[PDB]
Amino acid sequence: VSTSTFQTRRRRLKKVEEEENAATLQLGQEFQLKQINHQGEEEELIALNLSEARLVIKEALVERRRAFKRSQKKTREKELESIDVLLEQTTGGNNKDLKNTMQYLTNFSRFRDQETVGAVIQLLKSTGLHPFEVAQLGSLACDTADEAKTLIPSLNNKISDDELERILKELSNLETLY
Amino acid sequence: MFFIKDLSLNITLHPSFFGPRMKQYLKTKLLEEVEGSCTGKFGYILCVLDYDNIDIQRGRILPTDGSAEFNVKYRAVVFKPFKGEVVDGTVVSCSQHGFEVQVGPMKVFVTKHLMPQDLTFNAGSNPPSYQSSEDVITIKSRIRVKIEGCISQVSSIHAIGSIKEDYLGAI
Amino acid sequence: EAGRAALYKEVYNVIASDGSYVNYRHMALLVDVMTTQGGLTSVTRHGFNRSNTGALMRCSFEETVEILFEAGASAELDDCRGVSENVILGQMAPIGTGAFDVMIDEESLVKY
Amino acid sequence: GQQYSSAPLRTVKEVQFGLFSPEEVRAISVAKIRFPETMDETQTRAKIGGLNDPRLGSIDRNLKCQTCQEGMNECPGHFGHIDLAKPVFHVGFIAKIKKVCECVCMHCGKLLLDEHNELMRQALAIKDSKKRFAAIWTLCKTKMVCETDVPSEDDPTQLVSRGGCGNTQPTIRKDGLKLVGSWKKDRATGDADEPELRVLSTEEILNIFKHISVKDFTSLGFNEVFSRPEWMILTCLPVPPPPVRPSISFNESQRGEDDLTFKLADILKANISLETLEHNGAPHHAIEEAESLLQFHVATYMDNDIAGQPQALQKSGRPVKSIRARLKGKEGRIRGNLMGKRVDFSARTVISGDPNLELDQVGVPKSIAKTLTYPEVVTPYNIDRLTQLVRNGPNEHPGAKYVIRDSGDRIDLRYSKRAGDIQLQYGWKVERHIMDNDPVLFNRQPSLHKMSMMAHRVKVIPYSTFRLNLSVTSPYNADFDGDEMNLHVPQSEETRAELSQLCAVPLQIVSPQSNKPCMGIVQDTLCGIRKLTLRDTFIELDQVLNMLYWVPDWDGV
Amino acid sequence: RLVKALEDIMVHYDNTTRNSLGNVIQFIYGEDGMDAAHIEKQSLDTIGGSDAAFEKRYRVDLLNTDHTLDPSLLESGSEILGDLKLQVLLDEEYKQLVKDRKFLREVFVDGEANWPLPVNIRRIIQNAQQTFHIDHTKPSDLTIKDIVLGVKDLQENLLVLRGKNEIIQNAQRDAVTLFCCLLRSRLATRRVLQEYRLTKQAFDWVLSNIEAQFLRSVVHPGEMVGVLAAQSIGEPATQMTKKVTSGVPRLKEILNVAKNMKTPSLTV
Amino acid sequence: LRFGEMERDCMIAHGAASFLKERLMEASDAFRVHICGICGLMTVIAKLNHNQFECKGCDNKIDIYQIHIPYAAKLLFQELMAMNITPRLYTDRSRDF
Amino acid sequence: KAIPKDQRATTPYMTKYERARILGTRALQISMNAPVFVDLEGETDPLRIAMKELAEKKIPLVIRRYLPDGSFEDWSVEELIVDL
Amino acid sequence: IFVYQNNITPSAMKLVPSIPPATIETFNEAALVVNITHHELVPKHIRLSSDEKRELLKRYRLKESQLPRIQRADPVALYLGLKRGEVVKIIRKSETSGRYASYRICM
DNA sequence: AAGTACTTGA
RNA sequence: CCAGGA
DNA sequence: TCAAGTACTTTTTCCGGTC
Ligand SMILES: [Mg+2]
Ligand SMILES: [Zn+2]
Ligand SMILES: [Zn+2]
Ligand SMILES: [Zn+2]
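Protein chains in written order, with UniProt numbering: chain D, 3 to 76, 118 to 221; chain S, 1 to 171; chain C, 1342 to 1453; chain R, 3 to 559; chain F, 840 to 1080, 1092 to 1118; chain L, 1128 to 1224; chain B, 72 to 155; chain W, 109 to 215.
Structure follows, in structure tokens:
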């Protein structure tokens, strides 16, 4: 038995179209902008820049360790060892995917502190740009507004070159000095 | 990229577990089944969020058998790669055919042909590397790749990617 | 309405003539079923068996293959609410014992 | 048993009926199905890559299925296909096809009447999918012209144009499996007098049906997804897998192929003749001849009991058993294999009465008890007892027949070398003999009553008859002039509860049939009861004491 | 044919009798919402007798020296004479009993008293009498209010339908109608004291038991009343041997909604 | 022995839902198939060992279920198919009421 | 849709069928070595154990009572009157 | 309402649904000699309002499909001039309950 | 043996 | 089918 | 147009031999 979603659509006999997934912002049916949470409320897609993601997972495993000990009653290279220890505590251990993920995240995160990831999240989610771009803008370090618009091609006409270049400056300024 | 997705999994619990540590075993079995998992529809289901509030609901007793079935509604962090996505990663393997790049849970492979012409294979090195006029790409090097396409393969997703286009390659 | 009253009167007589007693309700139900549609729906392949009940249930009496050929042709959808369908499906029918569902409550479970 | 499958287990909530698109038939197909020869790879005993397993289901019992892997008790067969050289009618749809032609234009594929006719828009309105098609027909049958212009939805002077085509519509009649039209004609305003008499080809009917608008055919019964009218005509015929048409494999080197396997080869053979005939120098009549024969075979395969008599008789006189015949009522599928079933844990013998059995019990012969079994789960509560019955074995009365391990494999206590040193584990099942006080379903056929099937307490007894309390005689409608009765044994704790809690004999005493008791005192006891209770009747001390002691709940007073 | 036509019919958790389409066949099972096993032929007293004989049996007139309840019947007998306030209650009582008489005479036109109804009230009284060792000499410790209101209250507790709304509430009233006429006939003041000679505790117990029994008497949602009804007609047909077509061949005519019947006849 | 139609009726009258299911399944016929979630057909090539699923023609290697039905119904369904009729089996509903 | 506890209108009493099914189910579970919510006062038959659990209303099961429309009222075995 | 002795020509009958929202009814004088409603077997039928109907369906959780149906041409449906969709409440005497209320929707 | 459904002559 | 049993 | 004829449909409780 495998996992299901909040997307209920009834594909009766009519198999296909399964139209390709590209950054023409045409992601899956599953990674659509209009999502639905377990409380039925229409809620927007949640995309994470690897740092926003690093923090989320760390937070979740930290809180899990709490309940696991409760139910039992009756510097980056330094973060890697600290995280690899938390994984030994909460995770199934067979889950090697999370181990690599956490290592990659620790080594590639642009913003260390939660405070930092706060401002990143503000500055960006005010552009009206779709969660995918807003994440790739947070996770890909670009200098020219062309570097950005080339790598994130979906952006193309969505933002001024200058407006994007102004953001790229105040993004570089937020980067935690590793 | 890297999403937070609301998901639900049906679990079929045997009567012997209809003790007070039921929710505890359900939340556990959920994590065993879902965490680590890799699907085509959702990608890599990496980490289940908010353990303390996993909604177990009421379990319907399956008639001829004893067991109860619950639809465990949860929320988790997923990684679903796409074609056109530009990603940063570390080289892992390197051969006369190209090089694999580790991007979180998954490996993205770069063909000798999906790189610029100047970058050429050097077998005569420990470990084997790719050499440009200016650059050197090997096992530890960090690279920015453009995903050309993905293949949903069992308990993983693998992809092909280029470093030929502008603003790609070594970092 | 009078059609119902006469139809019962008649049914009742057939039983009581033989000096037998069947409780009202039984005869009433039969009489009502023949009635409800708005006319005199017979207990024959023509009457009841030609109503809007599900194809599988209907095919279990008199016209089988023809009922299923039409089922296909007009893309009929079986609700799977009838006893008969569940018997054909090897499922517990929504009959007495199976007219409700049974759930464990972890609340009450942890309470005891 | 059957093996573990990771596939999520669900219940069928809906049955979505429909028709097969030829494309689907080709898609679901695991092989085509080109040679009438069953097997023998040029007489070399093994399935032919042409008929029954050119990738299909499987034979040999040993030797696994080629498409899935599983083999026999697990592998449902896999469907194949046969591309028919010409289109053919589905026997079952011949009249619905006729009626559809009667409703539509035999040239443009447009409804003979529409939104412009009042009676039509009214019948079109009908919500019931069948009743609307019924009404649409009685209206459109009569219309013998595809109209170009019809009077406007106001004035009959200025006629508004609907769909084109002015063509005259044939008067269709059936000539058994064939549809022949009689076009009205015009010739000097009169004619007919002598009309155009031609048979409508499958292919032409198929083409008109292909051109019927989705909106139009949807107004008729039809559904654009599951049942387009074009699908009543067969192009690509599905080939049912061996599990549907098994061979009765007598001895070693002897076939025994099913009628359906034969009838299929007939269809194959008919198809090849026609196929070669047309690809070659078409003698054009020898073609409509080879065609009509295939139409017949594909017809008689599904239904062999057709109006126009030729009964597609097997070489033995005996007619070939159609698929329709297989499902046709009482004995055969629905009624005989599904509404009713032959069942395990059943037992039957001559009944006899007993004044010494309790109302709710049933005397069960030792032999019957020693055969019928209850699968009991090894649990701390029963473990020791169960181990003893296991030790007792299949021959001793309170004994057991099988041990079912967690592993799934069955231990036969009759032969297992470890039938002695068998050490039980919680969760295992001991298939033990039926024992005193087990709830069992007792039944006397006919069974025109809920009281004709009641739950009794077992009482293992000697002698070969089922013993019943005399007062329970009436509900069953039994006597002891040579009557036999049926016994069914529940296999689950749930099932047992159902019997004991809903249908046990005491519960059944006062019946809702006539809101009164359905069991009373009979015969000897009724006769003796009058005799005992007369004023004249006095009993001496000696007998009073025996009469008192005889009452099992007597206060001792 | 009876079985196949009825199979899918059963009582749902709304007391409604429906088929596999959820189409209502009967609004409430057998028009009374009761299980057939829990029913017994009982005599509706009120129905027959002379208008004078009824009067003697039911009328209490505390404002007339001859038609009062003798102080031998109950303790309050002496203090009860001339109570205008109390007489208002016995007037309601008698007026309802008269209402009921007319009504029952409308239902059962022939005047047939014996009908199958739930709760054998006759037996409950009999039991109260041995259970409480009822002294057919000494006067009762009951009030007129104890009897009159006690019954009025018990009636509100005879639940067949539960919904909180006019439709369902009016429905409940309807289903319970007939049983109450019986209840009011068997539990009228004069009857309880003169005939039954019940004490307050005896009466209190009789009331609780009618309630309990009545509730046990209702049909159980899940009851496959369809098959039941089919078999309840089917089985008796199996035992079947002006001159009009009758028995098995007539039942055949009936079920088939036979157009050209064998013995057509008018009864003018 | 035959637990026939009239016996089915008595069980239905009793309200013995699970006792009936048992007689018809466990005590006789009972079989397990794999069906497709798109076209509710017994098409699924269950290579349950290698844990491969597939309903080619649907190209569905994902949306697959398992069901327990009497083998005679698996038969009946295969028979209705051979006769060009589609008895599509669905594990969810779409109509309500 | 699920009817709120404050708007439930089905019988406050347990149906014959409900009780037979609860007893069946518990007995089945008890027999499959499920945890028993009562002192077995020497009891060994899972139905007699089930009867005992229901006798003290220590059965942690709920009856989902479906209405012809599809809606339902959930009732606890603890809350259902057992006059049967 | 048009009470006719013997017949109404099909010419005249074609003018019946010609003037809506107003409605026309044809009654053969011979049928009306006896009021069928007065018969032993004919119980009280009561026509429900749009609100009363809406309520019935709400109270029993019904679709109009699920209600027992009075046929449009029914002698009583004619007497009451019931229209398709309109609902009647039948109040019959019961040997079971004394009074039983059934409902019928128009065809 | 008794129906529906459809066809045929006045 | 044929012969029989309640 | 409408009576009367036509085709064709449909059932019937449960449990050895000889082929
Ligand atoms: Mg006999
Ligand atoms: Zn296979
Ligand atoms: Zn045309
Ligand atoms: Zn499929």
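By construction, the Cβ of each residue, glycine as well, lies at the ideal position given by its N, Cα and C atoms.
Query raised in the report: Going by other Cβ atoms of all chains shown within 10 Å of its Cβ, with 16 needed for buried, is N1176(L) buried or exposed?
Result: Numbered from 1 along the sixth sequence, position 49 holds the residue referred to as residue 1176(L). Answer is exposed; the Cβ neighbour count stays below 16.
Query - the segment 160-170 of chain D contacting the segment 131-142 of chain D, beta-carbon criterion three pairs below 8 Å - result: Result no; under three Cβ-Cβ pairs closer than 8 Å.
Query - Residues of its chain near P116(S), where Cβ-Cβ distance is below 8 Å and the 5 sequence neighbours each way are ignored - result: As a first step, residue 116(S) must be located in the second sequence, where it is residue number 116. Answer for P116(S): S132, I163, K164, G169, listed in chain order.
Query raised in the report: Hey, does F1224(L) have any beta-carbon neighbour from chain F nearer than 8 Å?
Result: Along the sixth sequence, one-based indexing puts residue 1224(L) at 97. Output row for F1224(L): interface = yes.
Report task. Report the residue from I1172(L), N1178(L), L1202(L), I1162(L) whose alpha carbon sits nearest the alpha carbon of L1216(L). Result -> Translated into the one-based positions of the sixth sequence, residue 1216(L) becomes position 89. Ranking the options by Cα distance to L1216(L), first place goes to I1162(L).
Query raised in the report: Are the C-beta atoms of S8(S) and some chain D residue less than 8 Å apart?
Result: Numbered from 1 along the second sequence, position 8 holds the residue referred to as residue 8(S). It does: the Cβ of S8(S) has a partner Cβ on chain D nearer than 8 Å.
Query raised in the report: Looking only at its own chain, which residues have a Cβ that is under 8 Å from the Cβ of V78(S), when we skip the five neighbours before and after it?
Result: Taking the second sequence and counting its residues from 1, one reaches residue 78(S) at position 78. If we look at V78(S) and ignore the five residues flanking it on each side, its Cβ neighbours are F2, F3, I4, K5, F42, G43, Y44, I45, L46.
Requested in this report: Determine whether the Cβ of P139(B) lies closer than 8 Å to any Cβ atom of chain R.
Outcome: As a position in the seventh sequence, residue 139(B) is number 68, starting the count at 1. By this cut-off, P139(B) is not an interface position.
Query raised in the report: Does at least one heavy atom of ligand 4 sit under 7 Å from the Cβ of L1216(L)?
Result: One-based indexing of the sixth sequence puts residue 1216(L) at position 89. Flag unset: Cβ of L1216(L) not near ligand 4.
Query raised in the report: Who are the Cβ neighbours of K368(R) in its own chain at under 8 Å, not counting the five residues just before and after it?
Result: Position 366 of the fourth sequence holds residue 368(R). Setting aside the 5 residues that flank it on each side, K368(R) is surrounded in the same chain by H399, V462, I463, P464, each with a C-beta closer than 8 Å to its C-beta; the list follows chain order.
Query raised in the report: chain R beta carbons: is any one of them nearer than 8 Å to that of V18(D)?
Result: Taking the first residue of the first sequence as position 1, residue 18(D) is located at position 16. At a cut-off of 8 Å between beta carbons, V18(D) makes no contact with chain R.
**Report entry** Nearest-angstrom beta carbon gap, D909(F) and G1065(F) [assumed within contact, 8 Å]
**Finding:** One-based indexing of the fifth sequence puts residue 1065(F) at position 226. One-based indexing of the fifth sequence puts residue 909(F) at position 70. Not really, about 55 Å apart at Cβ, beyond 8 Å.
Query raised in the report: Taking C-alpha atoms, which residue in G141(B), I101(B), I74(B), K87(B) lies nearest to residue 198(S)?
Result: Since the first residue of chain S shown is 1 and the last is 171, residue 198(S) is not available in this structure.
Query raised in the report: Taking the DSSP output, what are the residues bridged to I74(B)?
Result: Mapped onto the seventh sequence, residue 74(B) falls at position 3. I74(B) pairs with nothing; no bridge assigned.
Report task. Below 8 Å CB to CB, which residues in the same chain sit around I147(S) once its five sequence neighbours on both sides are set aside? Result -> In the second sequence, residue 147(S) corresponds to position 147, counting from 1. Counting only Cβ-Cβ distances below 8 Å, and skipping sequence neighbours, we find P81, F82, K83, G84, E85, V86, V87, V108, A159, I160, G161.
Requested in this report: Report buried or exposed for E131(D), applying the criterion of at least 16 other Cβ atoms within 10 angstroms of its Cβ.
Outcome: By one-based count along the first sequence, residue 131(D) stands at place 88. Classification for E131(D): exposed.
Query raised in the report: Among all residues, which have a Cβ less than 6 Å from at least one non-hydrogen atom of ligand 1, and in what chain order do they fall?
Result: Ordered along the chain, the selected set is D481(R), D483(R), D485(R).
**Report entry** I35(R) versus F1441(C) - alpha carbon distance
**Finding:** Looking up residue 35(R) in the fourth sequence gives position 33. Looking up residue 1441(C) in the third sequence gives position 100. Taking the straight line from one Cα to the other gives about 49 Å.
Report task. Would you decide whether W430(R) is buried or exposed? Buried here means 16 or more other CB atoms lie within 10 Å of its CB. Result -> Translated into the one-based positions of the fourth sequence, residue 430(R) becomes position 428. Result: buried.
Query raised in the report: For residue 1290(L), which residues in chain D fall below 9 Å Cβ to Cβ?
Result: In the structure as shown, chain L starts at 1128 and stops at 1224, and residue 1290(L) therefore has no counterpart that could be examined.
Query raised in the report: Any Cβ of chain S within less than 8 Å of the Cβ of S502(R)?
Result: As a working mapping, residue 502(R) is identified with position 500 in the fourth sequence. Residue-level contact by beta carbon fails for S502(R) and chain S, as no gap is shorter than 8 Å.
Report task. Measure the beta-carbon distance from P245(R) to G3(R) and round it to whole angstroms, keeping in mind my assumption that it falls under 8 Å. Result -> For the purposes of this step, residue 245(R) is taken as residue 243 along the fourth sequence, with counting starting at 1. For the purposes of this step, residue 3(R) is taken as residue 1 along the fourth sequence, with counting starting at 1. With 8 Å as the limit, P245(R) and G3(R) do not qualify as a contact, their Cβ atoms being about 18 Å apart.
Query raised in the report: Can you tell which of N439(R), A499(R), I210(R) has its C-alpha closest to the C-alpha of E104(R)?
Result: Numbered from 1 along the fourth sequence, position 102 holds the residue referred to as residue 104(R). Minimum Cα distance to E104(R) is reached at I210(R).
**Report entry** Status (buried if at least 16 other CB within 10 Å, exposed otherwise) for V1363(C)
**Finding:** Here residue 1363(C) is taken as the residue at index 22 of the third sequence, counted from 1. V1363(C) is buried by the Cβ-count criterion.
Query raised in the report: Who are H153(W)'s beta bridge partners in DSSP?
Result: Against the eighth sequence, residue 153(W) aligns to sequence position 45. Beta-bridge analysis with DSSP links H153(W) to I198(W).
Query raised in the report: According to the neighbour-count rule (16 or more other Cβ atoms, all chains shown, within 10 Å of its Cβ), is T145(W) buried or exposed?
Result: In the eighth sequence, the residue the question calls residue 145(W) occupies position 37. In this structure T145(W) is exposed. Its beta-carbon is surrounded by fewer than 16 other beta-carbon atoms within 10 angstroms.
Query - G183(R) - partner residues in DSSP beta bridges - result: On the fourth sequence, residue 183(R) is found 181 positions in, with the first residue counted as 1. DSSP output for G183(R) lists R200(R) as bridge partner(s).
Report task. Following the continuous alpha helix (DSSP H) through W954(F), name the residue where it begins and the one where it ends. Result -> For the purposes of this step, residue 954(F) is identified with residue 115 of the fifth sequence, where counting begins at 1. Per DSSP, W954(F) lies in no alpha helix (DSSP H); the unbroken beta strand (DSSP E) holding it starts and ends at 953-957.
Query raised in the report: Can the beta-carbon of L296(R) be found less than 8 Å from the beta-carbon of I269(R)?
Result: Counting from one through the fourth sequence, the residue named residue 296(R) turns up at place 294. Counting from one through the fourth sequence, the residue named residue 269(R) turns up at place 267. If you check the CB distance, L296(R) and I269(R) come in under 8 Å.
Requested in this report: Specify, as a first and last residue, the run of the alpha helix (DSSP H) that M121(W) falls within.
Outcome: On the eighth sequence, residue 121(W) is found 13 positions in, with the first residue counted as 1. That run of the alpha helix (DSSP H) goes 118-121.
Report task. Kindly provide the chain-ordered list of residues whose Cβ lies closer than 6 Å to any non-hydrogen atom of ligand 3. Result -> Near ligand 3, meaning a beta-carbon closer than 6 Å to one of its heavy atoms, we find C107(R), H109(R), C110(R), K112(R), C148(R), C167(R), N169(R).
Requested in this report: May I ask you to report which of helix, strand or coil DSSP gives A349(R)?
Outcome: Stepping through the fourth sequence from its first residue, residue 349(R) is reached at position 347. In the structure shown, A349(R) adopts extended strand secondary structure according to DSSP, grouped into three states.
Query - Proximal residues, the segment 439-471 of chain R versus chain F, C-beta separation under 7 Å - result: Cβ proximity to chain F below 7 Å picks out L450, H451, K452 from the segment 439-471 of chain R.
Query raised in the report: Of all Cβ atoms in chain R, is any one closer than 8 Å to the Cβ of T904(F)?
Result: In the fifth sequence, residue 904(F) corresponds to position 65, counting from 1. Chain R, which has no Cβ nearer than 8 Å to the Cβ of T904(F), makes this no.
Report task. Taking only the alpha-carbon atoms, compute the straight-line gap between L1207(L) and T1213(L) and give it to the nearest angstrom. Result -> To locate residue 1207(L), count along the sixth sequence from 1; it is residue 80. To locate residue 1213(L), count along the sixth sequence from 1; it is residue 86. Roughly 7 Å between the two C-alpha positions.
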